[PDB]
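The data block below is query.csv; it holds CSV, C-alpha atoms and all ligand atoms.
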```csv
chain,number,residue,atom,x,y,z
K,3,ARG,CA,-8.9,-47.0,38.3
K,4,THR,CA,-8.0,-43.4,37.1
K,5,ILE,CA,-5.0,-40.9,37.3
K,6,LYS,CA,-5.1,-37.1,36.8
K,7,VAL,CA,-3.0,-35.6,34.0
K,8,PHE,CA,-2.9,-32.2,32.2
K,9,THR,CA,-3.7,-31.8,28.4
K,10,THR,CA,-2.4,-28.8,26.5
K,11,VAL,CA,-1.9,-27.4,22.9
K,12,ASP,CA,0.6,-24.7,23.9
K,13,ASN,CA,2.3,-26.0,27.2
K,14,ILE,CA,1.1,-22.7,28.8
K,15,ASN,CA,-2.7,-23.4,29.4
K,16,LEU,CA,-3.0,-26.8,31.1
K,17,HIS,CA,-6.4,-28.6,31.3
K,18,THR,CA,-6.9,-31.1,34.2
K,19,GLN,CA,-8.1,-34.5,33.0
K,20,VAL,CA,-9.1,-37.8,34.8
K,21,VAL,CA,-8.0,-40.6,32.5
K,22,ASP,CA,-9.6,-44.2,32.6
K,23,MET,CA,-6.5,-46.5,33.0
K,24,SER,CA,-8.2,-49.3,31.0
K,25,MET,CA,-8.3,-47.1,27.7
K,26,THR,CA,-5.5,-45.7,25.5
K,27,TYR,CA,-4.8,-41.9,25.6
K,28,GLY,CA,-6.0,-42.1,21.9
K,29,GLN,CA,-9.6,-43.4,22.7
K,30,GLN,CA,-9.8,-40.7,25.5
K,31,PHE,CA,-8.1,-37.5,24.0
K,32,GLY,CA,-7.3,-38.3,20.4
K,33,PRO,CA,-3.7,-38.0,19.2
K,34,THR,CA,-1.5,-37.4,22.4
K,35,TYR,CA,2.2,-36.7,23.0
K,36,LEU,CA,4.5,-36.9,26.1
K,37,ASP,CA,7.8,-34.9,25.8
K,38,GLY,CA,7.5,-35.4,22.0
K,39,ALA,CA,6.8,-39.2,22.2
K,40,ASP,CA,3.4,-40.2,20.5
K,41,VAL,CA,1.4,-42.2,23.2
K,42,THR,CA,-1.9,-42.3,21.2
K,43,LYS,CA,-2.0,-46.2,21.2
K,44,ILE,CA,-0.4,-46.4,24.8
K,45,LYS,CA,-2.4,-47.1,28.0
K,46,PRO,CA,-1.9,-44.7,31.0
K,47,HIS,CA,1.0,-45.6,33.4
K,48,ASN,CA,1.3,-44.8,37.2
K,49,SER,CA,4.3,-42.4,36.7
K,50,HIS,CA,2.1,-40.4,34.2
K,51,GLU,CA,0.3,-39.0,37.2
K,52,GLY,CA,0.7,-35.1,37.2
K,53,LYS,CA,2.5,-35.1,33.8
K,54,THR,CA,1.6,-32.8,30.8
K,55,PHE,CA,0.5,-34.3,27.5
K,56,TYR,CA,0.1,-32.4,24.2
K,57,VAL,CA,-3.2,-33.2,22.3
K,58,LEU,CA,-4.6,-32.3,18.9
K,59,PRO,CA,-7.3,-29.7,19.4
K,60,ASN,CA,-10.7,-31.6,19.5
K,61,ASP,CA,-12.9,-28.7,20.8
K,62,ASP,CA,-13.4,-24.9,20.5
K,63,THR,CA,-11.2,-24.1,23.6
K,64,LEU,CA,-8.1,-26.1,22.3
K,65,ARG,CA,-8.7,-24.7,18.7
K,66,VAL,CA,-8.7,-21.1,19.9
K,67,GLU,CA,-5.6,-21.7,22.2
K,68,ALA,CA,-3.8,-23.5,19.3
K,69,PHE,CA,-4.5,-20.7,16.8
K,70,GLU,CA,-3.5,-18.0,19.4
K,71,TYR,CA,-0.2,-19.7,20.2
K,72,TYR,CA,1.0,-21.0,16.7
K,73,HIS,CA,-1.0,-18.7,14.2
K,74,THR,CA,-1.8,-21.8,11.9
K,75,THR,CA,-4.9,-24.0,11.4
K,76,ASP,CA,-2.8,-26.9,9.9
K,77,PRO,CA,-4.1,-30.0,11.8
K,78,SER,CA,-0.8,-31.8,10.9
K,79,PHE,CA,1.3,-29.0,12.6
K,80,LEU,CA,1.4,-30.5,16.1
K,81,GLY,CA,2.4,-34.1,14.9
K,82,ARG,CA,5.1,-32.5,12.6
K,83,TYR,CA,6.3,-30.3,15.5
K,84,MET,CA,6.3,-33.3,17.9
K,85,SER,CA,8.2,-35.6,15.4
K,86,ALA,CA,10.9,-33.0,14.8
K,87,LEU,CA,11.2,-32.3,18.6
K,88,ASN,CA,12.2,-36.0,19.4
K,89,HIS,CA,15.3,-35.4,17.1
K,90,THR,CA,16.1,-31.7,18.0
K,91,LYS,CA,16.1,-32.5,21.8
K,92,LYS,CA,19.1,-34.8,20.9
K,93,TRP,CA,21.1,-32.1,19.1
K,94,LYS,CA,23.8,-30.0,20.9
K,95,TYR,CA,23.5,-26.2,21.0
K,96,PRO,CA,27.1,-24.8,21.7
K,97,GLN,CA,27.6,-21.1,22.3
K,98,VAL,CA,30.0,-19.7,19.7
K,99,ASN,CA,31.2,-16.2,20.8
K,100,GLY,CA,27.8,-15.5,22.4
K,101,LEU,CA,25.6,-16.9,19.6
K,102,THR,CA,23.7,-20.2,19.9
K,103,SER,CA,24.8,-22.6,17.0
K,104,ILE,CA,24.0,-26.3,16.4
K,105,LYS,CA,26.6,-29.2,16.2
K,106,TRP,CA,26.2,-30.9,12.8
K,107,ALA,CA,23.6,-33.8,12.8
K,108,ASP,CA,20.7,-34.8,10.5
K,109,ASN,CA,21.7,-32.4,7.6
K,110,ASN,CA,21.0,-29.4,10.0
K,111,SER,CA,23.6,-26.9,8.5
K,112,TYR,CA,20.8,-24.7,6.8
K,113,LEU,CA,18.9,-24.7,10.2
K,114,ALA,CA,22.1,-23.7,12.2
K,115,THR,CA,22.8,-20.9,9.6
K,116,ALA,CA,19.2,-19.6,9.9
K,117,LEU,CA,19.3,-19.8,13.8
K,118,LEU,CA,22.6,-17.8,13.8
K,119,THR,CA,21.2,-15.3,11.4
K,120,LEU,CA,17.9,-14.8,13.5
K,121,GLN,CA,20.1,-13.8,16.5
K,122,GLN,CA,21.7,-10.9,14.5
K,123,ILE,CA,18.8,-9.3,12.7
K,124,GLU,CA,16.0,-7.2,14.5
K,125,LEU,CA,12.8,-9.3,14.0
K,126,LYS,CA,9.6,-9.5,16.1
K,127,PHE,CA,7.8,-12.9,15.8
K,128,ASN,CA,3.9,-12.7,15.9
K,129,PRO,CA,3.2,-16.2,17.0
K,130,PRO,CA,3.8,-16.5,20.8
K,131,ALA,CA,5.2,-20.0,20.1
K,132,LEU,CA,8.1,-18.5,18.1
K,133,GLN,CA,8.6,-15.6,20.5
K,134,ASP,CA,8.9,-18.0,23.6
K,135,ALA,CA,11.1,-20.6,21.8
K,136,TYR,CA,13.4,-17.9,20.4
K,137,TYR,CA,14.2,-16.5,23.9
K,138,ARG,CA,15.0,-20.1,25.1
K,139,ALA,CA,17.1,-20.7,21.9
K,140,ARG,CA,19.1,-17.5,22.6
K,141,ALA,CA,19.9,-18.9,26.1
K,142,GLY,CA,21.2,-22.2,24.6
K,143,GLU,CA,17.9,-24.3,24.8
K,144,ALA,CA,17.1,-24.2,21.0
K,145,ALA,CA,15.4,-27.7,20.6
K,146,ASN,CA,11.8,-26.3,20.6
K,147,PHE,CA,12.7,-23.4,18.3
K,148,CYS,CA,14.4,-25.7,15.8
K,149,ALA,CA,11.4,-28.1,15.8
K,150,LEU,CA,9.0,-25.1,15.3
K,151,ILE,CA,11.2,-23.8,12.3
K,152,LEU,CA,11.0,-27.3,10.7
K,153,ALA,CA,7.1,-27.4,11.4
K,154,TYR,CA,6.5,-23.9,10.0
K,155,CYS,CA,8.7,-24.5,6.9
K,156,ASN,CA,7.1,-27.9,6.3
K,157,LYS,CA,10.6,-29.6,6.6
K,158,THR,CA,11.5,-33.1,8.1
K,159,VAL,CA,14.6,-33.7,10.3
K,160,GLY,CA,17.3,-34.9,7.9
K,161,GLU,CA,15.8,-33.2,4.8
K,162,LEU,CA,18.2,-30.9,2.9
K,163,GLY,CA,17.3,-27.3,3.0
K,164,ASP,CA,17.6,-23.7,1.7
K,165,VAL,CA,18.4,-20.8,4.2
K,166,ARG,CA,16.7,-18.2,1.8
K,167,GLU,CA,13.5,-20.3,1.7
K,168,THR,CA,13.6,-20.9,5.6
K,169,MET,CA,14.1,-17.1,6.3
K,170,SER,CA,11.3,-16.3,3.8
K,171,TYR,CA,8.7,-18.6,5.5
K,172,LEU,CA,9.7,-17.4,9.0
K,173,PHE,CA,9.4,-13.7,7.8
K,174,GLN,CA,5.7,-14.4,7.0
K,175,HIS,CA,5.4,-14.9,10.8
K,176,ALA,CA,7.2,-11.7,11.7
K,177,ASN,CA,5.9,-8.2,12.1
K,178,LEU,CA,7.3,-6.6,8.9
K,179,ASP,CA,4.0,-4.7,8.3
K,180,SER,CA,5.7,-1.3,8.2
K,181,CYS,CA,8.8,-2.4,6.1
K,182,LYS,CA,8.7,-0.5,2.8
K,183,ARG,CA,10.8,-0.6,-0.4
K,184,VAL,CA,10.5,1.9,-3.3
K,185,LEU,CA,12.2,1.0,-6.6
K,186,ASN,CA,12.6,3.0,-9.8
K,187,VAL,CA,13.2,1.5,-13.3
K,188,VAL,CA,14.4,4.1,-15.9
K,189,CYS,CA,14.3,3.3,-19.7
K,190,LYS,CA,15.9,6.2,-21.8
K,191,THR,CA,12.9,5.5,-24.3
K,192,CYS,CA,9.9,4.6,-22.2
K,193,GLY,CA,10.5,6.8,-19.0
K,194,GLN,CA,10.4,5.9,-15.3
K,195,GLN,CA,8.3,3.3,-13.5
K,196,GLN,CA,8.2,3.3,-9.6
K,197,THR,CA,7.2,0.3,-7.5
K,198,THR,CA,6.4,0.0,-3.8
K,199,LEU,CA,6.8,-3.3,-1.9
K,200,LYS,CA,5.7,-3.9,1.7
K,201,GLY,CA,6.4,-6.6,4.3
K,202,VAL,CA,8.4,-9.6,3.4
K,203,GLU,CA,8.7,-8.5,-0.3
K,204,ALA,CA,10.4,-5.2,1.0
K,205,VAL,CA,13.3,-7.1,2.7
K,206,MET,CA,14.2,-9.8,0.1
K,207,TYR,CA,16.1,-9.6,-3.2
K,208,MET,CA,17.3,-12.5,-5.4
K,209,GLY,CA,20.0,-11.5,-8.0
K,210,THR,CA,22.9,-9.7,-6.3
K,211,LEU,CA,24.5,-10.1,-2.8
K,212,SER,CA,25.6,-6.3,-2.9
K,213,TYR,CA,23.3,-3.8,-1.1
K,214,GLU,CA,25.6,-1.0,-2.6
K,215,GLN,CA,25.0,-2.3,-6.2
K,216,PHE,CA,21.2,-2.3,-5.6
K,217,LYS,CA,21.5,1.4,-4.5
K,218,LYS,CA,23.7,2.3,-7.5
K,219,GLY,CA,21.6,0.5,-10.2
K,220,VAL,CA,21.3,-2.9,-11.9
K,221,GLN,CA,20.7,-3.4,-15.7
K,222,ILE,CA,17.4,-5.2,-16.4
K,223,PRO,CA,15.5,-5.8,-19.7
K,224,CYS,CA,12.7,-3.3,-20.5
K,225,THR,CA,9.7,-4.8,-22.5
K,226,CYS,CA,10.6,-2.2,-25.3
K,227,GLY,CA,13.7,-4.4,-26.0
K,228,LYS,CA,16.3,-2.1,-24.5
K,229,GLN,CA,18.2,-2.3,-21.1
K,230,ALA,CA,16.7,-0.2,-18.2
K,231,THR,CA,18.3,0.8,-14.9
K,232,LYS,CA,16.6,-0.4,-11.6
K,233,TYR,CA,17.7,1.2,-8.4
K,234,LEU,CA,16.6,1.4,-4.7
K,235,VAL,CA,14.8,4.8,-4.0
K,236,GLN,CA,13.8,4.1,-0.4
K,237,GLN,CA,14.2,1.3,2.1
K,238,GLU,CA,12.5,1.4,5.5
K,239,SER,CA,13.3,-1.9,7.4
K,240,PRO,CA,15.7,-3.0,10.2
K,241,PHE,CA,17.6,-5.3,7.8
K,242,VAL,CA,17.7,-6.4,4.2
K,243,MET,CA,18.6,-9.9,2.9
K,244,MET,CA,20.4,-9.8,-0.5
K,245,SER,CA,20.5,-13.3,-2.3
K,246,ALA,CA,22.1,-14.7,-5.5
K,247,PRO,CA,22.9,-18.2,-6.9
K,248,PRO,CA,26.1,-19.2,-5.0
K,249,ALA,CA,29.3,-17.6,-6.5
K,250,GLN,CA,32.8,-16.7,-5.2
K,251,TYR,CA,32.4,-13.5,-3.3
K,252,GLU,CA,34.7,-11.4,-1.0
K,253,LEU,CA,33.1,-10.4,2.4
K,254,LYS,CA,34.8,-7.2,3.7
K,255,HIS,CA,34.9,-6.6,7.5
K,256,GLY,CA,32.4,-4.0,8.7
K,257,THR,CA,30.4,-3.8,5.4
K,258,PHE,CA,27.6,-6.4,6.2
K,259,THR,CA,26.0,-8.1,9.3
K,260,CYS,CA,26.3,-11.8,8.4
K,261,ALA,CA,26.2,-14.1,5.3
K,262,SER,CA,25.4,-17.7,4.2
K,263,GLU,CA,28.3,-19.7,2.5
K,264,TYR,CA,27.0,-22.7,0.3
K,265,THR,CA,29.6,-25.3,-0.8
K,266,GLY,CA,28.5,-28.2,-3.1
K,267,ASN,CA,26.0,-28.3,-6.0
K,268,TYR,CA,22.2,-28.2,-6.6
K,269,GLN,CA,21.9,-31.9,-5.4
K,270,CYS,CA,23.9,-31.6,-2.1
K,271,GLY,CA,25.7,-28.7,-0.3
K,272,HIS,CA,26.9,-27.5,3.2
K,273,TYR,CA,26.2,-24.1,4.7
K,274,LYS,CA,28.6,-22.1,6.9
K,275,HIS,CA,27.7,-18.8,8.5
K,276,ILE,CA,30.0,-15.7,8.2
K,277,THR,CA,29.5,-12.8,10.7
K,278,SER,CA,31.4,-9.5,10.9
K,279,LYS,CA,32.4,-8.7,14.6
K,280,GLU,CA,35.9,-7.3,15.7
K,281,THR,CA,37.1,-9.5,12.8
K,282,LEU,CA,35.5,-12.0,10.4
K,283,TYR,CA,34.1,-15.2,12.0
K,284,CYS,CA,33.3,-18.4,10.1
K,285,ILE,CA,31.0,-20.6,12.2
K,286,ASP,CA,30.6,-24.2,11.0
K,287,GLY,CA,28.3,-25.8,13.6
K,288,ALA,CA,30.5,-26.0,16.8
K,289,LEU,CA,33.7,-24.7,15.0
K,290,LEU,CA,34.7,-21.0,14.9
K,291,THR,CA,37.5,-19.7,12.6
K,292,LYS,CA,38.6,-16.0,12.9
K,293,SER,CA,40.2,-14.3,9.8
K,294,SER,CA,40.9,-10.7,8.7
K,295,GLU,CA,39.6,-11.6,5.1
K,296,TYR,CA,37.0,-14.1,3.7
K,297,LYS,CA,36.3,-15.3,0.2
K,298,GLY,CA,33.9,-18.2,-0.6
K,299,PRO,CA,30.7,-19.2,-2.4
K,300,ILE,CA,28.2,-16.8,-0.8
K,301,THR,CA,24.5,-17.0,-1.4
K,302,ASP,CA,22.8,-14.7,1.2
K,303,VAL,CA,24.2,-11.4,2.8
K,304,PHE,CA,22.2,-9.6,5.6
K,305,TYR,CA,22.7,-5.9,6.1
K,306,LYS,CA,21.4,-3.7,8.9
K,307,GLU,CA,19.1,-0.8,7.8
K,308,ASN,CA,16.7,1.8,9.4
K,309,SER,CA,15.7,4.2,6.7
K,310,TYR,CA,17.6,4.9,3.4
K,311,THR,CA,16.6,7.5,0.8
K,312,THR,CA,18.6,7.6,-2.6
K,313,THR,CA,20.3,10.9,-3.8
K,314,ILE,CA,19.8,9.7,-7.4
K,315,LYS,CA,17.6,12.5,-9.0
O,1,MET,CA,1.1,-13.8,-24.8
O,2,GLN,CA,4.8,-14.6,-24.6
O,3,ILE,CA,7.2,-14.2,-21.7
O,4,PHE,CA,10.9,-14.9,-21.6
O,5,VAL,CA,12.7,-17.0,-18.8
O,6,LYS,CA,16.5,-16.7,-18.3
O,7,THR,CA,18.1,-19.9,-16.9
O,8,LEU,CA,21.3,-20.0,-14.7
O,9,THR,CA,23.4,-20.8,-17.9
O,10,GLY,CA,22.0,-17.6,-19.7
O,11,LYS,CA,19.8,-19.7,-22.0
O,12,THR,CA,16.6,-17.8,-22.8
O,13,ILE,CA,13.3,-19.8,-23.0
O,14,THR,CA,10.1,-18.5,-24.7
O,15,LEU,CA,6.7,-19.6,-23.1
O,16,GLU,CA,3.1,-19.1,-24.2
O,17,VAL,CA,1.1,-17.9,-21.1
O,18,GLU,CA,-2.1,-15.9,-20.1
O,19,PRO,CA,-2.3,-13.2,-17.3
O,20,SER,CA,-4.4,-15.6,-15.1
O,21,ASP,CA,-1.8,-18.4,-15.3
O,22,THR,CA,-0.6,-19.2,-11.7
O,23,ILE,CA,3.2,-19.5,-11.0
O,24,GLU,CA,2.6,-23.3,-10.8
O,25,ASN,CA,1.2,-23.2,-14.4
O,26,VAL,CA,4.4,-21.4,-15.6
O,27,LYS,CA,6.5,-24.0,-13.8
O,28,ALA,CA,4.7,-26.9,-15.7
O,29,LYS,CA,5.3,-25.0,-19.0
O,30,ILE,CA,9.1,-24.9,-18.1
O,31,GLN,CA,8.9,-28.6,-17.0
O,32,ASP,CA,7.4,-29.3,-20.5
O,33,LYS,CA,10.3,-27.4,-22.3
O,34,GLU,CA,13.4,-28.2,-20.1
O,35,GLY,CA,12.2,-31.2,-18.0
O,36,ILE,CA,13.1,-29.5,-14.6
O,37,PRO,CA,10.7,-30.7,-11.9
O,38,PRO,CA,8.4,-27.8,-10.6
O,39,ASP,CA,9.6,-28.5,-7.0
O,40,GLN,CA,13.2,-27.5,-7.9
O,41,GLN,CA,12.2,-24.2,-9.7
O,42,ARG,CA,12.1,-20.7,-8.2
O,43,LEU,CA,10.8,-17.9,-10.5
O,44,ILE,CA,12.1,-14.4,-10.0
O,45,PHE,CA,10.7,-11.1,-11.5
O,46,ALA,CA,13.3,-8.3,-11.4
O,47,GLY,CA,14.6,-9.6,-8.0
O,48,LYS,CA,11.1,-10.4,-6.5
O,49,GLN,CA,10.4,-14.1,-5.7
O,50,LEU,CA,7.1,-15.2,-7.3
O,51,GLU,CA,5.0,-17.4,-5.0
O,52,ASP,CA,2.7,-20.4,-5.8
O,53,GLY,CA,-1.0,-19.7,-6.2
O,54,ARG,CA,-0.6,-16.0,-7.3
O,55,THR,CA,-1.0,-15.1,-11.0
O,56,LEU,CA,1.1,-13.2,-13.6
O,57,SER,CA,-1.6,-10.4,-13.4
O,58,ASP,CA,-1.1,-10.3,-9.5
O,59,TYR,CA,2.6,-9.4,-10.1
O,60,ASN,CA,1.7,-7.1,-13.1
O,61,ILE,CA,3.9,-9.4,-15.4
O,62,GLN,CA,3.1,-8.3,-19.0
O,63,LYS,CA,3.9,-9.6,-22.5
O,64,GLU,CA,7.7,-9.6,-23.4
O,65,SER,CA,8.5,-9.6,-19.6
O,66,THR,CA,11.6,-11.6,-18.6
O,67,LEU,CA,11.6,-13.9,-15.5
O,68,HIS,CA,14.7,-15.6,-14.0
O,69,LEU,CA,14.7,-19.3,-13.1
O,70,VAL,CA,16.9,-20.2,-10.2
O,71,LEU,CA,16.9,-23.6,-8.3
O,72,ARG,CA,16.4,-24.4,-4.6
O,73,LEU,CA,19.7,-25.1,-2.6
O,74,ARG,CA,20.1,-28.5,-0.8
O,75,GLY,CA,22.1,-27.7,2.3
O,76,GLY,CA,23.0,-30.5,4.8
E,1,CL,CL,-3.7,-25.6,25.9
E,2,CL,CL,10.4,-12.4,18.8
E,3,ZN,ZN,11.8,0.8,-22.6
```
Just give me the structure of the file as structure tokens.
Amino acid sequence: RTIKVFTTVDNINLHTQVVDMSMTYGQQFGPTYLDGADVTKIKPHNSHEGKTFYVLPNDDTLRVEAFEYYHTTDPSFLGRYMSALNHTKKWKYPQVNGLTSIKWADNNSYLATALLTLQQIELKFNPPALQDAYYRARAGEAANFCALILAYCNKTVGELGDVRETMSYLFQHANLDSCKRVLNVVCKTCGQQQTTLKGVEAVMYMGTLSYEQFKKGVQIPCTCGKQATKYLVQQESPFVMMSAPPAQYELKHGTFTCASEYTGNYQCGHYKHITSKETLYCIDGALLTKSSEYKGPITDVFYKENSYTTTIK
Amino acid sequence: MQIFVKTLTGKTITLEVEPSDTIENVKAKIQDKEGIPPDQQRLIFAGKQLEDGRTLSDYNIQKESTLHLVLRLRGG
């Protein structure tokens, strides 16, 4: 006795299989999943006829397809993605003034903040998996995108998280190749040192939330023992992320794209997302509060950019 | 060679290091001196996040250079 089923690594390229109904999926395919559920130790059932099963790559065809879809060789990736998916399919993805959010569940506030952010910055994902899941997420069906973010960032459902770290890992999988940052450090004694950063390093900064302050100059130690001034010479990127340890900060309407608010301490906290539209919006999972002003403990601010050149001589 | 590491309180820490030391190596030296677990630590050089499995030489960090130690957030 046998049924036909489809095996896949990507849910786009399906491989017809004839499965011996007296053996477990595991003995026949290796590790096997059905709509996120692990069926490795399970024997084929009648109503499995015609259904699609994910399998761990166990041959050169599945290996190539897996790499082309996900851009990773981690053999733990599929199981981690499938484990997260069982939870993320149970979350609720409300539309909050045209953006997909997540209702609070399983310590997901950092994830909802990242998801809202990704819908507001210009980013091209390289892995087809992230490109496809992103478009579904933007339409309200974000479960696969959320499970992929957890898999790529090596996070488990319910684990506490850092938006800055989540954005950073996801940016490794974005086409930021042509993003460029030039910095100048001026010591009155030693002279001027210019540095060029590219890709992810060109769009991140940890130390100040203010894009304007980065342009104007920040005081840093010079190895001579004096204070030097560091300033942005040139920025070529569609956005910048400015981060700092969480601190009371005033967000002014029209002067930024969106921001992460972190309330709590280094053991436990809660993120809210602030975005600048016709007024200031504070999105807390499914809840939306509109205000003319906002002050709170901010840790990330995103600004839109194309090309900036300093006038500092 | 010595580097300096500024903590969130403004405490400055001296470490003994070598240009080929990985970031993980520097995190152990801070775990030794302050007892902070390496997994909580994030090392910053003049705004740039230093990543595990790159060296001080990779980032052109030289003697008398100052790093910043920040900690991962725990949002839920
Ligand atoms: Cl496939
Ligand atoms: Cl994309
Ligand atoms: Zn100097």
### Query
For chain O, which residues have at least one atom within 7 Å of chain K, if we go by all atoms listed in the file? Write them as a ChimeraX atom specification, please.
/O:47-48,64-65,72-76
### Task
For residue 44 (chain O), please output as a PyMOL selection string all residues within 8 Å (counting all atoms listed in the file; exclusion window: fewer than 5 positions along the same chain).
(chain K and resi 208) or (chain O and resi 49-50+67-70)
### Query
So how far away is CA of residue 67 (chain K) from CA of residue 177 (chain K), in Å?
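Answer for the CA of residue 177 (chain K) to CA of residue 67 (chain K) separation: 20.4 Å.
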### Query
Taking (-12.2, -28.1, 23.0) in the file's coordinates, which residues come within 12 Å, counting all atoms listed in the file, written as a ChimeraX atom specification?
/K:9-11,17,31-32,57-68
Atoms to include: C-alpha atoms. Write the selected residues as a PDB file, in the frame of the given file.
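This went into result_6.pdb:
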```pdb
ATOM      1  CA  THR K   9      -3.700 -31.800  28.400  1.00  0.00           C
ATOM      2  CA  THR K  10      -2.400 -28.800  26.500  1.00  0.00           C
ATOM      3  CA  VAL K  11      -1.900 -27.400  22.900  1.00  0.00           C
ATOM      4  CA  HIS K  17      -6.400 -28.600  31.300  1.00  0.00           C
ATOM      5  CA  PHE K  31      -8.100 -37.500  24.000  1.00  0.00           C
ATOM      6  CA  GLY K  32      -7.300 -38.300  20.400  1.00  0.00           C
ATOM      7  CA  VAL K  57      -3.200 -33.200  22.300  1.00  0.00           C
ATOM      8  CA  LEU K  58      -4.600 -32.300  18.900  1.00  0.00           C
ATOM      9  CA  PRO K  59      -7.300 -29.700  19.400  1.00  0.00           C
ATOM     10  CA  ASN K  60     -10.700 -31.600  19.500  1.00  0.00           C
ATOM     11  CA  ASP K  61     -12.900 -28.700  20.800  1.00  0.00           C
ATOM     12  CA  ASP K  62     -13.400 -24.900  20.500  1.00  0.00           C
ATOM     13  CA  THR K  63     -11.200 -24.100  23.600  1.00  0.00           C
ATOM     14  CA  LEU K  64      -8.100 -26.100  22.300  1.00  0.00           C
ATOM     15  CA  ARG K  65      -8.700 -24.700  18.700  1.00  0.00           C
ATOM     16  CA  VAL K  66      -8.700 -21.100  19.900  1.00  0.00           C
ATOM     17  CA  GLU K  67      -5.600 -21.700  22.200  1.00  0.00           C
ATOM     18  CA  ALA K  68      -3.800 -23.500  19.300  1.00  0.00           C
TER      19      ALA K  68
END
```
### Task
Quick one: everything within 10 Å of residue 51 (chain O), counting all atoms listed in the file, minus sequence neighbours fewer than 2 positions away in the same chain. Send it as a PyMOL selection string.
chain O and resi 22-24+42-44+48-49+53-55+59
### Task
Could you tell me how far CA of residue 254 (chain K) lies from CA of residue 115 (chain K), in Å and to one decimal?
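Calculated distance between CA of residue 254 (chain K) and CA of residue 115 (chain K) is 19.1 Å.
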